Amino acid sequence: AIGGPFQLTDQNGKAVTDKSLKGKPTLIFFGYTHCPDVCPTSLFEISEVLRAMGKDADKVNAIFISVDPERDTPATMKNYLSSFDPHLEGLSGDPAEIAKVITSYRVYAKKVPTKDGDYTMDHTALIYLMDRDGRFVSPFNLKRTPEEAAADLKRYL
(Lines of atoms letter the chains of each structure in order from A and count residues from 1; the text may use other names and numbers.)
(Lines give C-alpha, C1' and ligand atoms only; values in the text may rest on other atoms or scores of the structure.)
Protein backbone atom coordinates (compact mmCIF):
# COMPACT_ATOMS: atom_id res chain seq x y z
CA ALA A 1 0.00 0.00 0.00
CA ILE A 2 0.75 3.63 -0.41
CA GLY A 3 0.80 5.93 2.62
CA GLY A 4 1.56 5.36 6.27
CA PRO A 5 1.75 7.16 9.61
CA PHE A 6 3.79 10.31 10.08
CA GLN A 7 4.14 13.45 12.11
CA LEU A 8 5.90 16.40 10.50
CA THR A 9 5.96 20.19 10.84
CA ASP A 10 4.71 22.78 8.40
CA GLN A 11 6.27 26.07 7.41
CA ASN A 12 4.55 27.85 10.28
CA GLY A 13 5.71 25.36 12.93
CA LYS A 14 2.41 23.51 13.08
CA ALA A 15 2.27 19.72 13.34
CA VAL A 16 0.78 17.82 10.40
CA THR A 17 0.05 14.06 10.52
CA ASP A 18 -1.43 11.45 8.29
CA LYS A 19 -4.40 11.52 10.65
CA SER A 20 -4.88 15.31 10.45
CA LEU A 21 -5.12 15.05 6.64
CA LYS A 22 -8.06 12.64 6.72
CA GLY A 23 -11.47 13.95 5.72
CA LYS A 24 -10.38 15.97 2.67
CA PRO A 25 -8.89 14.79 -0.59
CA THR A 26 -5.17 15.34 -0.57
CA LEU A 27 -2.56 16.11 -3.17
CA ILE A 28 0.86 15.05 -1.91
CA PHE A 29 4.13 15.67 -3.70
CA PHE A 30 7.78 15.59 -2.85
CA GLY A 31 10.64 18.04 -3.32
CA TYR A 32 13.13 20.20 -1.45
CA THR A 33 14.19 23.84 -0.99
CA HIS A 34 17.30 23.53 -3.42
CA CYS A 35 15.29 22.28 -6.36
CA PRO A 36 15.35 24.55 -9.45
CA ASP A 37 12.94 23.87 -12.41
CA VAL A 38 11.13 20.69 -11.33
CA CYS A 39 9.94 21.82 -7.90
CA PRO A 40 8.85 25.38 -8.84
CA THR A 41 6.95 23.89 -11.81
CA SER A 42 4.93 21.51 -9.62
CA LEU A 43 4.40 24.14 -6.92
CA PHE A 44 3.13 26.51 -9.59
CA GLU A 45 0.83 23.91 -11.09
CA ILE A 46 -0.62 22.92 -7.72
CA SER A 47 -1.00 26.59 -6.86
CA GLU A 48 -3.12 27.09 -10.00
CA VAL A 49 -5.25 24.05 -9.11
CA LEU A 50 -5.80 25.67 -5.75
CA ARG A 51 -6.78 28.92 -7.39
CA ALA A 52 -9.20 26.97 -9.57
CA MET A 53 -10.75 25.49 -6.43
CA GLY A 54 -11.92 28.93 -5.49
CA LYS A 55 -13.66 29.10 -2.13
CA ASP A 56 -13.12 25.38 -1.82
CA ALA A 57 -9.35 25.47 -1.69
CA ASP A 58 -9.73 24.99 2.07
CA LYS A 59 -11.64 21.73 1.41
CA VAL A 60 -8.55 19.97 0.04
CA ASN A 61 -5.06 19.35 1.41
CA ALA A 62 -2.10 20.35 -0.77
CA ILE A 63 1.03 18.94 0.82
CA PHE A 64 4.65 19.41 -0.34
CA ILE A 65 7.01 17.10 1.62
CA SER A 66 10.78 17.47 1.92
CA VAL A 67 13.05 14.78 0.64
CA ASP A 68 16.10 16.76 1.86
CA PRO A 69 15.56 16.84 5.61
CA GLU A 70 18.98 18.05 6.50
CA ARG A 71 18.48 21.42 4.66
CA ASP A 72 14.73 21.79 4.68
CA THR A 73 13.41 23.58 7.74
CA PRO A 74 10.12 25.27 8.49
CA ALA A 75 11.87 28.59 7.76
CA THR A 76 13.44 27.40 4.53
CA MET A 77 10.07 25.93 3.44
CA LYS A 78 8.28 29.19 4.34
CA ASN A 79 10.68 31.15 2.12
CA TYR A 80 10.45 28.58 -0.70
CA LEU A 81 6.62 28.72 -0.68
CA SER A 82 6.24 32.47 -0.50
CA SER A 83 5.31 33.07 -4.11
CA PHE A 84 2.86 30.12 -4.18
CA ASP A 85 -0.65 29.62 -3.04
CA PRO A 86 -1.03 30.17 0.70
CA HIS A 87 -3.00 26.92 1.19
CA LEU A 88 0.11 24.88 0.36
CA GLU A 89 1.72 23.11 3.29
CA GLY A 90 5.48 22.48 3.13
CA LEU A 91 6.46 19.74 5.57
CA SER A 92 9.85 19.13 7.24
CA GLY A 93 11.14 16.94 10.04
CA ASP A 94 13.85 14.69 11.36
CA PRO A 95 15.60 12.61 8.69
CA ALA A 96 14.30 9.34 10.30
CA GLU A 97 10.70 10.54 10.08
CA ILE A 98 11.07 11.76 6.51
CA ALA A 99 12.66 8.37 5.64
CA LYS A 100 9.58 6.61 7.05
CA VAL A 101 7.39 8.71 4.71
CA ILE A 102 9.68 8.03 1.76
CA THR A 103 9.25 4.32 2.46
CA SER A 104 5.51 4.31 3.05
CA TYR A 105 4.75 6.56 0.09
CA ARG A 106 7.15 4.63 -2.15
CA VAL A 107 9.06 7.78 -2.99
CA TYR A 108 12.27 7.79 -5.04
CA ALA A 109 14.87 10.07 -3.48
CA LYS A 110 18.64 9.95 -4.04
CA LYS A 111 21.35 12.44 -3.39
CA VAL A 112 23.31 13.63 -6.47
CA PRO A 113 26.47 15.60 -5.43
CA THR A 114 27.86 18.30 -7.55
CA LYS A 115 30.82 20.06 -5.81
CA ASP A 116 31.63 22.33 -2.92
CA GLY A 117 28.98 20.74 -0.74
CA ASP A 118 26.23 21.33 -3.24
CA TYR A 119 23.89 18.50 -4.18
CA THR A 120 20.53 17.92 -5.79
CA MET A 121 18.03 15.13 -5.02
CA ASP A 122 16.77 12.97 -7.86
CA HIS A 123 13.19 12.35 -6.83
CA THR A 124 9.63 11.33 -7.68
CA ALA A 125 7.96 14.15 -9.54
CA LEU A 126 4.47 12.65 -9.77
CA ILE A 127 1.62 14.11 -7.68
CA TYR A 128 -0.25 11.67 -5.43
CA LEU A 129 -4.04 11.86 -5.19
CA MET A 130 -5.31 10.51 -1.89
CA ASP A 131 -9.07 10.34 -1.37
CA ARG A 132 -10.93 11.81 1.61
CA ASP A 133 -10.18 8.65 3.57
CA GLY A 134 -6.47 8.94 2.97
CA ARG A 135 -6.40 6.10 0.45
CA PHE A 136 -4.22 6.34 -2.66
CA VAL A 137 -6.25 6.77 -5.84
CA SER A 138 -3.73 7.40 -8.63
CA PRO A 139 -1.14 9.89 -9.78
CA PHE A 140 -2.89 13.22 -10.26
CA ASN A 141 -2.95 14.47 -13.88
CA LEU A 142 -1.81 17.99 -14.31
CA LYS A 143 -1.36 17.76 -18.16
CA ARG A 144 -4.43 19.89 -18.69
CA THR A 145 -5.76 23.21 -17.54
CA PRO A 146 -5.99 23.99 -13.82
CA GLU A 147 -9.77 24.27 -14.25
CA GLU A 148 -9.86 20.76 -15.73
CA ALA A 149 -7.69 19.40 -12.91
CA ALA A 150 -9.80 21.15 -10.22
CA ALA A 151 -13.01 19.75 -11.76
CA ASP A 152 -11.55 16.25 -11.25
CA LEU A 153 -10.37 16.99 -7.68
CA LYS A 154 -13.77 18.44 -6.77
CA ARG A 155 -15.36 15.01 -7.31
CA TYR A 156 -13.44 13.71 -4.30
CA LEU A 157 -14.86 16.31 -1.90
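For every residue, the number given is its place in the sequence shown, counted from 1.
Stretch with the higher entry mean CA B-factor, where the candidates are 61-69 and 27-35: Result of the comparison: 27-35.
Stretch with the higher entry mean CA B-factor, where the candidates are 41-49 and 118-126: Per the deposited B-factors, the answer is 118-126.
Highest Cα B-factor in the PDB entry belongs to which of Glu89, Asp56, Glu97, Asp131? Within the set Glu89, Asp56, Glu97, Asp131, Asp56 shows the top C-alpha B-factor.
With respect to the C-alpha temperature factors reported in the PDB entry, which of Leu8, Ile2, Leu157, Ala151 ranks highest? When the deposited C-alpha B-factors of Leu8, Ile2, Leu157, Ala151 are compared, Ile2 is largest.
Taking the chain's C-alpha temperature factors as the reference, tell me which third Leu142 falls into: lowest, middle or highest. According to the entry, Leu142 has a C-alpha B-factor in the chain's highest third.
What third of the chain does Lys19 rank in for C-alpha temperature factor, lowest, middle or highest? It falls in the bottom third of the chain.
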